[PDB]
Every structure is written in C-alpha cells, then in structure tokens.
Amino acid sequence: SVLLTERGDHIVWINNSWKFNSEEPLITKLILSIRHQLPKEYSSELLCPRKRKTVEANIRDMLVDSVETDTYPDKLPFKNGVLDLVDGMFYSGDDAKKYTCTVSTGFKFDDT
Amino acid sequence: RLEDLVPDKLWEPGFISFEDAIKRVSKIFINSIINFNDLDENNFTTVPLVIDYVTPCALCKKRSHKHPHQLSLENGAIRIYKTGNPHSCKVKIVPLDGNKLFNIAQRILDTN
Amino acid sequence: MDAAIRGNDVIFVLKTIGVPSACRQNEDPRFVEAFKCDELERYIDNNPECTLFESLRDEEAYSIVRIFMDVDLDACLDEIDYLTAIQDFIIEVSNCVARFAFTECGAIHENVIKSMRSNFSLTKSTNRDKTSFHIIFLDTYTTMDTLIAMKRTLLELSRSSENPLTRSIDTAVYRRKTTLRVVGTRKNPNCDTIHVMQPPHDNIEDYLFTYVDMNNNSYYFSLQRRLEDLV
Amino acid sequence: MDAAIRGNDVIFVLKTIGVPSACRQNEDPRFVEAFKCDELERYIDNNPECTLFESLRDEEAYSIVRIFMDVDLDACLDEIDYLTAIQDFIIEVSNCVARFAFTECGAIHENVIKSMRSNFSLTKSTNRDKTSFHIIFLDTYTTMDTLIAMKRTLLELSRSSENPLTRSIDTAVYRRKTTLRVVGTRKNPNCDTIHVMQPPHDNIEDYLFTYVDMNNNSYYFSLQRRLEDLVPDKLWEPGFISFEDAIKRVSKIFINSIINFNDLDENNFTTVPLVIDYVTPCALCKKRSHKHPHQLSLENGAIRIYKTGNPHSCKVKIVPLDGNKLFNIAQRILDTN
Amino acid sequence: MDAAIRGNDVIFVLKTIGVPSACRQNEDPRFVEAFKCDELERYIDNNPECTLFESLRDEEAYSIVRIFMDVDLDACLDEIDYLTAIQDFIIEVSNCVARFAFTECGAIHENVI
Ligand SMILES: Nc1ncnc2c1ncn2[C@@H]1O[C@H](COP(=O)(O)OP(=O)(O)OP(=O)(O)O)[C@@H](O)[C@H]1O
Numbered sequence: 338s339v340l341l342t343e344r345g346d347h348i349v350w351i352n353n354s355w356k357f358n359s360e361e362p363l364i365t366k367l368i369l370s371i372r373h374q375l376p377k378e379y380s381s382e383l384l385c386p387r388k389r390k391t392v393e394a395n396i397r398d399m400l401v402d403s404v405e406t407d408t409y410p411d412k413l414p415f416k417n418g419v420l421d422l423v424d425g426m427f428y429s430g431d432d433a434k435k436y437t438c439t440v441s442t443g444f445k446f447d448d449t
Numbered sequence: 226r227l228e229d230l231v232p233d234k235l236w237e238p239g240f241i242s243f244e245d246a247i248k249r250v251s252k253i254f255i256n257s258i259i260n261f262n263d264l265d266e267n268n269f270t271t272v273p274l275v276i277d278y279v280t281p282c283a284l285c286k287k288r289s290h291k292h293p294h295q296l297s298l299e300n301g302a303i304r305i306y307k308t309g310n311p312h313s314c315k316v317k318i319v320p321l322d323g324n325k326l327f328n329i330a331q332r333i334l335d336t337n
Numbered sequence: 001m002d003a004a005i006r007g008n009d010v011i012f013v014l015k016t017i018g019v020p021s022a023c024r025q026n027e028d029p030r031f032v033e034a035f036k037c038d039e040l041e042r043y044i045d046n047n048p049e050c051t052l053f054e055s056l057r058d059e060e061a062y063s064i065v066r067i068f069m070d071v072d073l074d075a076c077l078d079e080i081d082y083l084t085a086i087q088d089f090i091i092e093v094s095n096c097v098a099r100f101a102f103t104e105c106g107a108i109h110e111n112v113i114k115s116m117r118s119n120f121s122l123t124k125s126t127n128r129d130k131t132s133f134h135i136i137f138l139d140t141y142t143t144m145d146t147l148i149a150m151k152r153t154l155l156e157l158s159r160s161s162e163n164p165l166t167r168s169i170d171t172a173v174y175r176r177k178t179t180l181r182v183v184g185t186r187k188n189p190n191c192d193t194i195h196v197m198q199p200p201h202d203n204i205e206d207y208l209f210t211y212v213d214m215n216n217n218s219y220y221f222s223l224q225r226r227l228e229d230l231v
Numbered sequence: 001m002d003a004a005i006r007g008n009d010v011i012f013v014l015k016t017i018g019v020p021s022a023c024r025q026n027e028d029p030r031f032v033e034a035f036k037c038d039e040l041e042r043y044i045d046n047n048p049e050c051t052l053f054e055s056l057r058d059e060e061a062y063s064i065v066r067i068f069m070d071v072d073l074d075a076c077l078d079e080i081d082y083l084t085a086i087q088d089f090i091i092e093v094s095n096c097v098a099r100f101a102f103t104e105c106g107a108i109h110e111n112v113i114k115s116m117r118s119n120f121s122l123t124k125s126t127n128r129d130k131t132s133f134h135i136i137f138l139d140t141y142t143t144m145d146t147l148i149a150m151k152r153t154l155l156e157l158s159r160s161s162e163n164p165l166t167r168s169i170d171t172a173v174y175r176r177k178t179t180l181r182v183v184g185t186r187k188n189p190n191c192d193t194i195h196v197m198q199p200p201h202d203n204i205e206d207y208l209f210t211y212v213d214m215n216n217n218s219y220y221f222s223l224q225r226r227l228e229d230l231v232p233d234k235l236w237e238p239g240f241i242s243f244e245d246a247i248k249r250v251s252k253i254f255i256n257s258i259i260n261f262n263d264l265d266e267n268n269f270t271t272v273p274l275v276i277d278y279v280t281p282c283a284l285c286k287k288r289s290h291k292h293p294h295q296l297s298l299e300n301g302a303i304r305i306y307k308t309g310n311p312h313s314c315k316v317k318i319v320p321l322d323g324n325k326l327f328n329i330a331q332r333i334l335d336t337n
Numbered sequence: 001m002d003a004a005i006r007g008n009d010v011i012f013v014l015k016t017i018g019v020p021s022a023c024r025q026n027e028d029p030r031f032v033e034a035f036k037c038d039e040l041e042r043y044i045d046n047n048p049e050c051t052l053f054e055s056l057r058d059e060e061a062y063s064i065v066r067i068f069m070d071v072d073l074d075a076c077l078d079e080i081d082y083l084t085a086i087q088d089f090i091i092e093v094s095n096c097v098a099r100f101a102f103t104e105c106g107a108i109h110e111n112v113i
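Chains as they are written, first to last, in UniProt numbering: chain G, 338 to 449; chain V, 226 to 337; chain L, 1 to 231; chain X, 1 to 337; chain Z, 1 to 113.
Quick look at the structure:
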C-alpha cells in the first residue's frame, strides 16, 4: 500500500487513488482506514495517536528500494479508478492499483 | 455449530484483560469489596459482591444497603445492578471497548 | 415518482411468531391478513388476547419504511434519570444517522436533523422490572436496504456510549423481512406484558413503520450505490 | 510506637495470589511465612521465580505502617517525561497529606511537610507496555485507619489535578489486609516483569511499608476519633466552585426573576423549590405558566434542574461546574476583561 | 466413535470457588487436583471441612456430560406435597428436553422421555 518514489517522496493508496503529500503524511490516515481488516485484538492498539505515530515510524524504516511510476502508456487514470484502453474495460479498487499512476483527470468515472 | 447458534461469547477477543476490567469496577465502588477473592473469569456474573459500607455508597448516595450487588455482562459492558428491591440503587455501566477520547472525536465529527 | 409511491395505507400483519415461508407466500387468511388503520383497531378490540407481528408485505415492490429502533434495558430507571437518558439518546441517535445519510447517501445533514428531533413517537412497556419501548421517527423515510447498510454504524454507536438506553439498542432487528410487534398485543398466549401508547399521540397510525404518508415536512434519502458493489 | 512496641519489622509474606482466608488464620506454612530482613533476601536468591506479597501481621495488634502509594503511568500521552513529573508529583501529594494531617489529625503542618519531602524511596516496573511504580516515604508513620479515611481526599485530588501521575493514583490499595508486592519478584509464575530498584537506595529494609524503625528524626500522627464515627461532607463538594458562582449561572438560564433567590444557601438548595413567576414564556418549555415550581438536585457533579408534579411536561436542563482547577483560572482571567 | 467419547472416569474438583486463571492452567495442587472415584471418597473423609467444586477439566476435548438441574425454593414445603410435586416436575422437565430434541436435535422423542 505504501511506496517510495525516485524523488524521495512517499505515495500512499487511499480512496482508490495514488495520492501523495509532501507536507501532510497520509500514512496515519491509511492506518486508521485499514484498521477494520485486522483481528479484533489488533484494532484496540490503533486508537492512541502515539501508537499510530509509532507504527508510521516503524513503516518508514522498511522502504529501502525505490520504485518508478507511470510505466504503462495505455491506461487513462480517473479519480475512482483506471480505465483500460486495450479492451475498454474499467477497473477500480485493488485492480486499478498495480499500475502506479500518479496524475489523474480530476473527476470521478460514472459508467451509467 | 456455535456459528449458526449465536455469534456471542462471554469474553470475546478485543476485550481488555479480566484483571483490568475488574480494576475499573473496583474504582467505581469507592469502598472495599469484602469477597474479592471469589471472582474470576468464569463466575463473576453469579457471585454476589458484599460491599462494606464505611462511606456512603458511591452509586445511590445512601448510608448503607440491605443486599449485595451483582455484576452482569451485556453488549460488551459490565452492568452493575442491585438485587432485592431494584429501585433502591441506580444503574451504572462499565465500558470496556477501548479509548474514550477516540469516542469523543467520533461524536464531535458526527455532528458535522 | 407516481402516486402509489407517495403513499401506503395498507398494513400487512402476522398472527404467530415463526410462520413458515410456504404459508407466507400463499397468504392464507389463517396466518396472514391485510388491514387498514380503522380495521386494525376493531380486530384488537374484538380479540383482547390475540398476537400480531407487523412486517413488510413485499420487499422489492415497496422498501419505503420509517426509521424505527428497539430498546430493552433489564433494569428499572427512575423518572428524572429516564428523562435525562432520553435526551442524550435522541441527540446521539439523530446525529449519527444524519452523518451516515450525508456521507454515503448524498443527503443534506441539517434537513435530517430537523425532521427527526421535531416529531417522534414513543411507546412504553407495561412491565415494571425492565424498561423497553419502540421509538419510531415519524418524519424520516428511507428504504429498508438503507437500514441494513446502517446496521454496522449503529452497532458501533451502541457499543461506544455510557447512556444505558443507547447501549441497549437492539441492532439484530435490522435484517431482511423483519418483524415488529404491534402496540397493544402480547408476544405469546402465555405472556401478560403489552405495550401502551404515550401522549400526545393517540392515533394508532403513528406506531406502524410500514405506514407511508409523505407530507410537507417529511424527508427522503437512500443509497446511490447498491448492496453488491459494497464488498 | 516509640521503640518499645516496634514489633512491626517482621515481614508477612503471602506466596500465592488470592490466598483463601480460611488458611491465613491457621498460618499454613504452604501459604504464609515469617521472615526477617536478612532471611528474606536469601529466600529471594534461592528461588528465582518465587512470588512474595508483603502484608500486615494483624490489624488490631500492629496497625502502624509507612505511608505508601501506587501510581500507574499509562494512557497514550507522548509527553511521558519522568523527572519533572515525579518531583512535581511529590509536591501536591505532600501538600494534601499535610493538609489532611492539620485538619483531621492535629499534627503540625510544617513538621509533616518537612519529614515527607526529606527522604523517600522509589521503584519502577520494567514493563514498557504500561509503567507502574510504587513510592514510599520513609519518615512518615501512621495507622492504617487514617489511610482508609483519607481515601476520599486522595480520590478528589486525582480528579482535578494537573500531572498524569497524580491523575492516575491508585487509591484501591487502602483496604483491610492490604497486599503490596515485594520489590524484585514476579506477579504470576508466567509474567517475567518485576519491580527493579532505583538508585541510590539498595537495601530491602527501605522498600517495605511494614518495616518500621522510628529514629530521632521521624514524625508520627493518627486519627483521634474512631473509624465508625465519620460524618459525610455537606451537599456541596468542596473542590469545584464557590457557591455564589453556581447560582448566578442558574439564574442566567432562567430569563424570569427568582422571587426566593435570597433563601438559598450552601445546604438548603437541594430542598427549596424555586417558585418563579413567568412574565415571559418559560426558557425551558416555552410555555405560558406552570402548575408547580422548579427544584435543584446535585448528582455526579452537576445541578439537575427539573419540575415536580408532572416532570414530563417540562424539559430537563443540566448545569455543569467544570471541576478543573486551571480552567477556573482562565475563566476568571477572561472575566476581568 | 472412540473410547474417549465412550468413556470418562476422571474427576476434576476445585478447592475454592473462583480459582485464578493463572493457577488453573498450571494445575497447582494448592488450588486444584484430579481425583478418581475411590480416592475422592478418601479425601472428603480425610478432611473434615474441605470445600470442593466439580468442573470440566478440558472443555474443547471432552464436552460430553450428563443432564443436571438445580432447584432453590426458599419456602418450607411439606413432605406429602413434596412427593406429589417431584413427579409432576419430572413429568414437566422431561417434556421440555424431549420437545426440543425432536424439534432441533433430531433425537427420538419417545426414546428421550
Ligand atoms: N478491591 C480489591 N480487593 C482485593 N484485592 C484487590 C483489590 N484490588 C486489587 N487487589 C489486589 O491487588 C493486586 C494488584 O495487582 P495488579 O495487577 O494491579 O498489579 P500491578 O499493576 O503490577 O501492581 P501492584 O501489584 O503493586 O498493585 C491484585 O492482583 C489483587 O490481588
């Protein structure tokens, strides 16, 4: 979910978008959003702000190798997913995540 | 099996340790419990607590009580009620879910 | 948005808990019947011992139901604390539903708050040992699918409070094709406890959550997404 | 006390947690054992995982104990700074105990305050998950009964204090036949966290609240009356707000005028109905008039304003009294404009 | 179906109501003890004022137990009315277990009674 870019910034994955901020780290937001997908005995430790800061600090010391972004030249990224161009299908969530798309059109995609 | 019977137990994971839960209960009764050594994780809902009334009861503000109190577990909270005449003493509830300030933040964000 | 969807004056009731599904679809008079507001009163008067279980007639045709909750606290509460408890109960409940109606339902927050705290109908059990009631918000209309989705956040609220009334919220009633006991009837032929109305509401039209009557002060909201994309 | 009747130097040690009371009186060697300072040390060394729980021999025999206290440094605060907390902690704790001594014990305030701030001992739990350490002042001796009476005063301090340490005081340890874990031993045969000593004190005879050795530079005091004579405080709970500030807030809510404002004092405000006339519609129910007047009631630290007769006819308003100490300071500073 | 579910002749008794959780697992002889039927009779006779409490030793392993009921009537009742009350109580309770067994457990209703 968290990745390191070549320029030294950290990109996170929330709201189905590879958003990133150099001034406001969204790692704590991601932790508090993902707290629902853990066993019941692990959730209670994700409430103290001190504990979330500790988790963020522990995460920051594990990203060693850089990752390059925007490698796929036939994908159009929207705000709520990436629309493929080979067959016209549109992905969202975890599907439109392996393609590390940074920029976006700025508006949501409505299939109707 | 139990999965189709009820998704409920007497102490589910995620709850605090039993000793901590009793410690919270012990601080509500300002006086000292006499038969404290009769409590464990398996009979605390049946053993009546015989409080010693040196100071007025912290719950009903009365000088003394006729009958011992008794714990009960409902919806993840140890309700404290008095046996005998139920209207003599009011009702106090001991939460055991998690952080309180997190609840404050949730309920302040709730009002929009 | 035709005429028939802005009104529902037909009541579908049961007569015994645990009616098998086969009897329900066949709609045999022996177990299920249709009723009106006036006819329901006559039936209760003529049968001072009968048992009825209000429920939805058809799901996919009409999901429009009022907002209702159930409370069951196994402890008596004195009058002054009961009043104080019900003030905090409404403030927390009205806010929590309004937040959900604004974040995942695309509705306006303040309209929901005003429509709930203004006119609400409260019942009262005849039992003395425990305090139970059925709070039905009179001017808040939504689909049953919304209540099913709302079940999670309501459960979190009930487990995260200190007020005894809001902590004893029955969150298990919110399911598919639910049943709510009508006021003035027993639960089984062996029980002796019934629910009684409260002032200022006297008409029985204010205690059936299937009665839909969209007036000038009512509000409507529901999900834009469906229950299959919400994995 | 003096020295002639200083038998309170032995150590009653309990082996298991939750020892049945039917065996303590019989003094079963499998549960209890008498020891001295030197023998206790050797018994600790030869058994590495032994658990010992220090306790009193008999209440009616030797009730004099050291003033001992427990603090559980916990919660999620990032400012966990140790030294300034402990030194500040020993200040307010010192004041209230001396203040209680001069009120209900007839002891010199400066003599008590000098002895307790002079010398003290301190331990520490190595468990990083939550910190919990005992504090034992050495040169303050008193009976156990006054500690039970002081329980209410200590709890009130914890609610309206500044430091997290004094906010999380554990007053439940003051009871009949209290048990304090000896330094350097486990709690249960499974957990490995033990209480480690702190410098410069090292010997064990200063880490026990039963080992009493009154030298010439010590102070002693106790209760004068008997324990079964305490009278509770008045309806007001000295610790929050002066009486006149509470009523003016109450009068602020009522738009009308209190005809019987004057007859309310620090003791009759919970029984005198507030007979108010309604020149304007009632500030609570927005109604013309009412059949019965309003009353006051103090529960949990608030004033519940309601009306008798048919309480469901009028809504219930709650008046708070904050309860903090520095917030009153801020309110007063902003008052002066 | 094996011997373990066809046989259980070990008895686990307590020594004080409310044993600590940290001591029951380690099976400290000062709080708990496992006994056989013959040795149990000797122990209760050995100690004039012992206090035992029977319990299940391992729940998830051997969950098979008999049927038991407890009655606590705080009112003096004469022997003749005691005799006539006990059978109708037995008649009633046997109907309760049999009714559920045929409804939810699938047991033979007449064989239950
Ligand atoms: N109300 C009470 N009545 C009787 N015993 C009590 C009561 N409250 C606490 N105790 C006893 O006090 C002991 C304190 O154990 P606890 O888990 O708090 O240890 P701790 O945090 O390491 O600190 P310490 O043992 O020094 O208090 C409990 O194990 C129990 O035996």
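Just so it is clear, CB atoms sit at the ideal spot from N, CA and C, and this is done for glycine as well.
- Setting aside the 5 residues that flank it on each side, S132 of chain X is surrounded in the same chain by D70, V71, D72, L73, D74 and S125, each with a C-beta closer than 8 Å to its C-beta; the list follows chain order.
- Within the segment 91 to 124 of chain L, contact with chain X at the beta-carbon level (separation under 9 Å) is assigned to no residue.
- The beta carbon of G18 of chain Z sits closer than 7 Å to some beta carbon of chain V.
- Residue-level contact check: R159 of chain L touches chain V, since one or more beta carbons of chain V fall below 7 Å from its beta carbon.
- Rounded to the nearest angstrom, the gap between the Cα atoms of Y43 of chain Z and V10 of chain Z is 15 Å.
- If the five residues before and after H201 of chain L are omitted, its C-beta is found closer than 6 Å to the C-beta atoms of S121, all from its own chain and listed in chain order.
- One thing to note: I91 of chain X has its Cβ no nearer than 7 Å to the Cβ of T140 of chain X.
- With a threshold of 16 other beta carbon atoms within 10 Å, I86 of chain L meets it and is buried.
- DSSP places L157 of chain X in the uninterrupted alpha helix (DSSP H) bounded by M144 to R159.
- The CB of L321 of chain X never comes closer than 8 Å to any CB in chain V; the least such distance is about 17 Å.
- For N188 of chain X, the nearest CB of chain Z lies under 7 Å from its own CB, placing it at the interface with that chain.
- In chain order, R175 and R176 make up the part of chain X whose C-beta sits under 7 Å from the C-beta of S257 of chain V.
- Note that the segment 295 to 305 of chain X touches the segment 228 to 247 of chain X; at least 3 beta-carbon pairs, one per stretch, sit closer than 8 Å.
- Considering only L:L83, L:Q224, L:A22 and L:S160, the residue with the shortest C-alpha distance to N328 of chain V is L:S160.
- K124 of chain L carries a strand assignment under DSSP once its states are collapsed to helix, strand and coil.
- Using a Cβ-Cβ cut-off of 7 Å, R24 of chain Z is close to nothing in chain X; its nearest Cβ partner there is about 12 Å away.
- Interface annotation, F269 of chain V: not in contact with chain G, CB-CB separation never under 7 Å.
- For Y306 of chain V, the enclosing beta strand (DSSP E) starts and ends at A302 to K307.
- Across the set L:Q198, L:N95 and L:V13, the C-alpha of L:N95 shows the shortest separation from the C-alpha of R117 of chain L.
- By a beta-carbon distance limit of 8 Å, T84 of chain L does not contact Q198 of chain L. Their separation comes to about 18 Å.
- Checking the 6 Å criterion, the Cβ of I241 of chain V is out of range of every heavy atom belonging to ligand 1.
- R181 of chain X has its Cβ nearer than 6 Å to a heavy atom of ligand 1.
- Interface with chain G (7 Å Cβ-Cβ cutoff): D335 of chain X is excluded.
- Taking a beta-carbon distance threshold of 7 Å, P164 of chain L counts as an interface residue toward chain V.
- One alpha carbon belongs to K36 of chain X, the other to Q331 of chain X, and they sit about 56 Å apart.
- Excluding its 5 nearest sequence neighbours in each direction, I17 of chain L has C-beta neighbours in its own chain below 7 Å: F53, listed in chain order.
- Remark: fewer than three beta-carbon pairs, one from each stretch, lie closer than 8 Å, so the segment 413 to 420 of chain G and the segment 362 to 377 of chain G are not flagged as touching.
- The beta carbon of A172 of chain X sits closer than 6 Å to at least one heavy atom of ligand 1.
- Taking non-hydrogen atoms of ligand 1 into account, the C-beta of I67 of chain X is found less than 6 Å away from none of them.
- Taking the Cα of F102 of chain X as reference, the smallest distance to any Cα among X:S222, X:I136 and X:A22 is reached at X:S222.
- Chain X places no beta carbon closer than 7 Å to that of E41 of chain L, leaving this residue out of the contacts.
- With 16 or more other Cβ atoms from the protein chains shown falling within 10 Å of its own Cβ, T143 of chain X counts as buried.
- Partner residues in a beta bridge of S94 of chain Z, as assigned by DSSP, do not exist.
- Taking the CA atoms as reference points, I259 of chain X sits about 59 Å from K177 of chain L.
- With a threshold of 7 Å between beta carbons, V316 of chain X makes contact with chain L.
- Short note on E237 of chain X: C-beta not closer than 6 Å to any heavy atom of ligand 1.
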